[PDB]
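Read the structure below first, then the notes.
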Amino acid sequence: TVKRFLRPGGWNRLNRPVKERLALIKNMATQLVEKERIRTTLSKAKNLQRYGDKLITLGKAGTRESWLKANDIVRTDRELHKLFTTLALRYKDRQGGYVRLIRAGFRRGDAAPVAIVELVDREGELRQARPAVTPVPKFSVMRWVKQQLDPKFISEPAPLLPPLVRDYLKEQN
Amino acid sequence: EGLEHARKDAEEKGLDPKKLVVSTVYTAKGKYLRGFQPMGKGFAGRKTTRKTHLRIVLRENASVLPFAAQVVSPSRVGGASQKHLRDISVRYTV
Amino acid sequence: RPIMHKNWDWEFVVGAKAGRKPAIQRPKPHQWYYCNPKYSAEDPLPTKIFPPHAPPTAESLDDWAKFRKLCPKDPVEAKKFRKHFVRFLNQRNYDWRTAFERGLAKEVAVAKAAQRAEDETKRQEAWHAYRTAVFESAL
Amino acid sequence: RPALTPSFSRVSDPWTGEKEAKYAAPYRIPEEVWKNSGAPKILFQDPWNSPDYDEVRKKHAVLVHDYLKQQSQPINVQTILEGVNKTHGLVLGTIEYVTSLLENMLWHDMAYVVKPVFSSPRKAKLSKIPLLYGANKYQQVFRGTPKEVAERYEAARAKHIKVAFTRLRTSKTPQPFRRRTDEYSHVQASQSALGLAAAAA
Amino acid sequence: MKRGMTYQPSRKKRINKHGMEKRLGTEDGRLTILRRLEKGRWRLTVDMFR
RNA sequence: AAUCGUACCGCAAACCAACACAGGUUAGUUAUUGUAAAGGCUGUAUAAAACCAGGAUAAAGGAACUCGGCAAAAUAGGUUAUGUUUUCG
Ligand SMILES: [K+]
Ligand SMILES: [Mg+2]
Ligand SMILES: [Mg+2]
Ligand SMILES: [Mg+2]
Ligand SMILES: [Mg+2]
C-alpha cells in the first residue's frame, strides 16, 4: 500500500517544494491518461498511483463541479475530453483500484528502484484484472449473507440506461 | 564477465562446468592517470584515476563452502497469470 | 541594378534551415546576401545593403543626402555628429528585426488558437453522435 | 446559442462560478428520474465549456456595456439582467455572472459604481443595500463618477504644472524626451495588404 | 579587497613599453639586446613575429 | 576605385583572478499603470534522526536579557492651532 506521511494530505515530498511538487504531479497525471502506461521511479510511481485514482473519480462524477477541479489538473484538452467520455464509461462498475503498480528492479546509473504504473482494464494490459462486479454462485453462503446485509448488491453489469429511464421514454413517446 | 570468460577457457581444456569451484581470486595494480585539483588560498591537491587487474582461477573438485541460495519465480505477467480465477465465495463460510 | 534584394530563403531566415556558410551563426547586414542558400552569381548586386527584415518601403530612403545638409561646420562637432549618424543607421537594422519577430509571433498565436477551437468542436460533435446512438438503441 | 440548465429554468453562463451543467440529452426528462437512477451523468449533460469560451464572454460584456450607455441613471444589477434579456432574449442566467463582467469594466475604467455613505466601517461592511452602476461613453484614465473624475483631473493638472516648472528651475527638461523606434517591417507591410483584401471582400 | 589582478592587458602599452623600437632607442636597451643574443634566446622581444 | 578589420566568446564554462572560481570588467539600445512583448535558460534516487544555517507562527509577562536593547520587532507617511531655541536661513 501507499505510505501515509505527516504533512497535509499525507503525500510524498518527492524531494521538491510544494509549488514544484504540484507542477510535476499534474504533468505526469496528464501523460498517464494519454499513454496508460509509464515507467518511473518508485516514489513518483506511488504518488502517481494514489493521485491517478482520485483523478478517475472526478471523471466518473460527470458534473460541472468535478470538471472544474479536473480542468486545473489536466494539461491538454484532448486528455481531458478522454477522461470524461471514454474512461468514465469504462469504470462505471469498478469501485476503486483503477491503477496498478508492479516493481521492476533497479536502474543502471544511480541504481534507483523503478516500477510500472498502468490502467487495470483495457487492450494491451499487462495482466487480466478481476471483473468489476463479482459473480455470486446461486447456492452459496455468500449469496445469503449479502441478502441479509446489503439487499442492493450488484451481481452483473448494469445497462447504460436503467429500466426506469427506458420506461419513461416509452411512455413519453 | 571474468567468470564467464574463465568458464569458456575451462571447457576448451576439457573440464566439466558443473564441478567448477572458484579457487583463487585477487587483484593487481595498473597504471594510474595523475592529475591535480586546486584548493583554497593557493594550495593544490591530487586528482588520480586508478586502474586494476582481475585474475580468476577455476578448478574441479576443490574445497568449497556449503552456502546455497533459495530461488523463487518472478512476477507472473501475461497469459501465464491466473490470479483472476480465484473463487472468493469460500471465505464467507465457517 | 536593383536597390533591394527580393529572393530570400525564408526557412533560413527564420532559423529552421541552415545557411550557405554554416560557420556564421549571426550574419551581419552585409553578410546576409552571401549566406543566403539561394545565392546566385548571375543575379545583379543590389546598390544598397538591407537585411531580409527590411520593408519594401525603404527603397525611397536617402540618408546620406540629408546628413550633408545637417553637417556642422566645426570639425570637432562634425566628427561627433557623424558618429551619432552611423549609430542611428546601425540601430535601424535591429529595430526591423524586433518588429519582424513580434509581428510573426502574433500571427502564429492567432493560427494556433484557431486550430485549438476546431479540434474541440470535432470531439464534441463526435461524442454527441455517440450519445444519440445509445438512446436510439435503447428505444 | 444559449443552453438551459437541467431544471429548464435558466441558461448556463460561461464563467468559473457556474456550478450547473447544460442539459444535452435528445429527450427532455426530469432531474429526479435520472439523477438517482445511477446512470452516467455525461449521457444527459455537458459539464465542459464551449469551443468559443473566450469569444462568448467578450460578446456578453459588450451587450451589458451598450445597455448601460443607453441608460440615463445608475441602475441595479437586477435591472441590467432584465433589460438585456428583454432586448435580445434569454441569454443571461444569473446576477453573479453580470457582476463578474462589471468588475472587469470597473478595473479598466469602462464603468463606475455609486457607493452609499456610512457612519462607521462596520455599518458599511454589514450593509446589504444593492449597488448602482453606470457606464462611460469612452474609456477614461480616472476612477469614479463624472464628478469624481473631474476632481481627480484638476489635482492631476496642478501636479503636472508643478513638476514641469520644478524641472526647469533645476536645469532639467520640462518635458521628457525619447527616441522614435521603427516598428514597421516586412511582416507589417504584408498584414496591411491582407487587411485591405478582407475589407474589400 | 581581492588581490592578484595586477595585469590589465593593453596591446598599445605592451609595444610602447617593451617594443623593439623602444629597446633600440637607448644605450641600455641596446645592451639588453646583446645580452639576449649572447645567451641565445630564440625570441628577442615581445614585439617579434614572422 | 588601393590597403587593413569582418568567423566565434564578450556580466562570461572562451577576457583579468593557477580552476567550468558565488570575485572584477567600458559604452549603446529594448517590453512594462497595480506590470511586463521579444529573446534566453533548466536539477543523480528517497525520507517521519541529533545538530547547524536561512525563514515563519506563538498563550500570559514585556529589557526581568546582557559589558552594552547586540539581534529582532514596532503606524512607519502627510497637514496642523499653539510653545521653545536661533548665526533669523
Ligand atoms: K477522491
Ligand atoms: Mg587564486
Ligand atoms: Mg559576427
Ligand atoms: Mg508571545
Ligand atoms: Mg538589567
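Here, A, B, ... name the chains of the C-alpha cells in the order displayed, residue numbers run from 1 inside each chain, and ligands are numbered from 1 in the same displayed order.
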Report task. Per DSSP on the backbone, filter stretch 150-188 of chain D down to the residues in alpha helix (DSSP H) and report them as a VMD selection string. Result -> chain D and resid 150 to 169 186 to 188
Report task. Give me, as JSON, numbers by chain, the contact residues of chain F against chain B at a cut-off of 12 Å, counting only C-alpha atoms (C1' of nucleotides). Result -> {"F": [17, 18, 19, 21]}
**Report entry** Within 9 Å of ligand 3 (only C-alpha atoms (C1' of nucleotides) and all ligand atoms), residues as a VMD selection string
**Finding:** (chain C and resid 24 to 28 31) or (chain F and resid 6 to 8)
Using the selection just defined, write its residues with C-alpha atoms (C1' of nucleotides) as a PDB file, in the first residue's frame.
```pdb
ATOM      1  CA  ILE C  24      28.488  32.054 -39.427  1.00  0.00           C
ATOM      2  CA  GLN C  25      25.714  31.909 -36.825  1.00  0.00           C
ATOM      3  CA  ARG C  26      24.562  35.568 -36.753  1.00  0.00           C
ATOM      4  CA  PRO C  27      25.089  37.222 -40.153  1.00  0.00           C
ATOM      5  CA  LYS C  28      25.964  40.903 -40.320  1.00  0.00           C
ATOM      6  CA  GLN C  31      26.852  39.150 -44.832  1.00  0.00           C
TER       7      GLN C  31
ATOM      8  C1'   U F   6      34.722  41.313 -40.610  1.00  0.00           C
ATOM      9  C1'   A F   7      34.381  33.524 -38.103  1.00  0.00           C
ATOM     10  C1'   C F   8      33.389  32.527 -32.545  1.00  0.00           C
TER      11        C F   8
END
```
Report task. Do a neighbour search on residue F:11 at 12 Å with only C-alpha atoms (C1' of nucleotides), toss out local chain neighbours closer than 6 positions, and write the hits as JSON, numbers by chain. Result -> {"F": [23, 24, 25]}
Take the residues just selected and output them with N, CA, C and O atoms (P, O5', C5', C4', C3', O3' and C1' of nucleotides) as a PDB file, in the first residue's frame.
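Saved to out_39.pdb:
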```pdb
ATOM      1  P     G F  23      30.002  36.793  -7.885  1.00  0.00           P
ATOM      2  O5'   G F  23      31.440  37.326  -7.456  1.00  0.00           O
ATOM      3  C5'   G F  23      31.646  37.979  -6.211  1.00  0.00           C
ATOM      4  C4'   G F  23      33.057  38.494  -6.093  1.00  0.00           C
ATOM      5  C3'   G F  23      33.441  39.605  -7.063  1.00  0.00           C
ATOM      6  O3'   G F  23      33.041  40.894  -6.634  1.00  0.00           O
ATOM      7  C1'   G F  23      35.073  37.917  -7.152  1.00  0.00           C
ATOM      8  P     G F  24      32.387  41.928  -7.677  1.00  0.00           P
ATOM      9  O5'   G F  24      33.582  42.308  -8.661  1.00  0.00           O
ATOM     10  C5'   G F  24      34.667  43.107  -8.217  1.00  0.00           C
ATOM     11  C4'   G F  24      35.672  43.345  -9.317  1.00  0.00           C
ATOM     12  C3'   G F  24      35.135  43.969 -10.596  1.00  0.00           C
ATOM     13  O3'   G F  24      34.971  45.373 -10.513  1.00  0.00           O
ATOM     14  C1'   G F  24      36.492  42.123 -11.144  1.00  0.00           C
ATOM     15  P     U F  25      33.806  46.096 -11.351  1.00  0.00           P
ATOM     16  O5'   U F  25      34.157  45.774 -12.871  1.00  0.00           O
ATOM     17  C5'   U F  25      35.205  46.459 -13.535  1.00  0.00           C
ATOM     18  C4'   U F  25      35.312  46.048 -14.982  1.00  0.00           C
ATOM     19  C3'   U F  25      34.064  46.223 -15.826  1.00  0.00           C
ATOM     20  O3'   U F  25      33.838  47.559 -16.230  1.00  0.00           O
ATOM     21  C1'   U F  25      35.009  44.105 -16.255  1.00  0.00           C
TER      22        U F  25
END
```
Using only C-alpha atoms (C1' of nucleotides) and all ligand atoms, determine which residues fall within 8 Å of ligand 1, then list them as a PDB file with N, CA and C atoms, in the first residue's frame.
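Here's the written file selection.pdb:
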```
ATOM      1  N   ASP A  53      -5.857   7.578  -9.111  1.00  0.00           N
ATOM      2  CA  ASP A  53      -7.153   7.034  -8.720  1.00  0.00           C
ATOM      3  C   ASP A  53      -8.152   8.145  -8.439  1.00  0.00           C
ATOM      4  N   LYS A  54      -7.712   9.201  -7.754  1.00  0.00           N
ATOM      5  CA  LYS A  54      -8.607  10.300  -7.421  1.00  0.00           C
ATOM      6  C   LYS A  54      -8.956  11.149  -8.636  1.00  0.00           C
ATOM      7  N   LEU A  55      -8.131  11.115  -9.685  1.00  0.00           N
ATOM      8  CA  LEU A  55      -8.473  11.828 -10.911  1.00  0.00           C
ATOM      9  C   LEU A  55      -9.547  11.087 -11.696  1.00  0.00           C
ATOM     10  N   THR A  57     -11.878   9.320 -10.308  1.00  0.00           N
ATOM     11  CA  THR A  57     -13.117   9.527  -9.568  1.00  0.00           C
ATOM     12  C   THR A  57     -13.828  10.791 -10.033  1.00  0.00           C
ATOM     13  N   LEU A  58     -13.072  11.859 -10.293  1.00  0.00           N
ATOM     14  CA  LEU A  58     -13.680  13.086 -10.799  1.00  0.00           C
ATOM     15  C   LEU A  58     -14.339  12.853 -12.152  1.00  0.00           C
TER      16      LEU A  58
END
```
Query raised in the report: When the cut-off is 9 Å and you count only C-alpha atoms (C1' of nucleotides) and all ligand atoms, which residues lie near ligand 5, shown as number ranges by chain?
Result: F: 63-66
Requested in this report: Show me which bits of chain E are within 10 Å of chain F, counting only C-alpha atoms (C1' of nucleotides), as a ChimeraX atom specification.
Outcome: /E:1-9
Based on the selection just made, write N, CA and C atoms of those residues as a short mmCIF file (atom, residue, chain, number, x, y, z; two decimals), in the first residue's frame.
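Writing done, so here's out.cif:
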```cif
data_model
loop_
_atom_site.label_atom_id
_atom_site.label_comp_id
_atom_site.auth_asym_id
_atom_site.auth_seq_id
_atom_site.Cartn_x
_atom_site.Cartn_y
_atom_site.Cartn_z
N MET E 1 40.37 43.99 -0.12
CA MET E 1 39.94 43.76 -1.49
C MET E 1 40.74 42.63 -2.12
N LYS E 2 40.09 41.87 -3.00
CA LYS E 2 40.75 40.77 -3.69
C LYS E 2 41.94 41.28 -4.48
N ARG E 3 43.10 40.65 -4.28
CA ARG E 3 44.32 40.97 -5.00
C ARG E 3 44.61 39.88 -6.02
N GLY E 4 45.65 40.11 -6.82
CA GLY E 4 46.05 39.17 -7.86
C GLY E 4 45.67 39.57 -9.26
N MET E 5 45.15 40.78 -9.46
CA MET E 5 44.74 41.27 -10.78
C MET E 5 45.59 42.46 -11.21
N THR E 6 46.90 42.38 -10.98
CA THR E 6 47.80 43.48 -11.30
C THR E 6 48.06 43.63 -12.79
N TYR E 7 47.66 42.66 -13.61
CA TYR E 7 47.89 42.69 -15.05
C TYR E 7 46.59 43.04 -15.75
N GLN E 8 46.59 44.16 -16.48
CA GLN E 8 45.44 44.63 -17.25
C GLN E 8 45.89 44.78 -18.69
N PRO E 9 45.70 43.77 -19.53
CA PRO E 9 46.36 43.76 -20.84
C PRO E 9 45.98 44.96 -21.70
#
```
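Within 12 Å of stretch 34-47 of chain C, once only C-alpha atoms (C1' of nucleotides) are used and residues closer than 5 positions along the same chain are dropped, the contacting residues are residues 1, 2, 3, 4, 5, 6, 7, 8, 9, 10, 11, 12, 13, 15, 17, 18, 19, 20, 21, 22, 23, 24, 25, 26, 27, 28, 29, 52 and 59 of chain C.
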